[PDB]
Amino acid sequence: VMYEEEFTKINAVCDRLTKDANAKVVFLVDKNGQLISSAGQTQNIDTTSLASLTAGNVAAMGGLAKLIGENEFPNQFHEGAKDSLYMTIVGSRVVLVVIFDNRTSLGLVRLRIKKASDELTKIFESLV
């Protein structure tokens, strides 16, 4: 009953996503604010504080979606000057955060995020 094995698969998805999508840093945050996984250039970034602020944003967005008679917004894109941010809700419990340089193709990051999200959904569904 030890998985353990399923958590290593989660980190592998994050590591592959950072390399394939050519992302700067990748995070997996639970809606309760807990950091599940992180990959890439995690040095010089407060992972704990990032997870807490992600949860606060997603919770505010969730309540806002319900107010307009809409289901939770699955994808959130925030464009910056040098680096951009992408957020994807995986199975309405987990948030996949992807930080990448603006020079990287938006179509490329989105295509890889979809593959990562689908891989993660299958892992979280095996966790009953």
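All residue numbers are counted from 1 along the displayed sequence.
Taking the PDB entry as given, 116 to 124 carries the higher mean Cα B factor of the two stretches 7 to 15 and 116 to 124. Set 35 to 43 against 50 to 58 and average the Cα temperature factors; 35 to 43 ends up higher. Between the residues 67, 85, 95, 81, it is 67 that shows the highest Cα B-factor in the PDB record. In the PDB entry, a CA B factor belonging to the highest third of its chain's modelled residues is recorded for residue 71.
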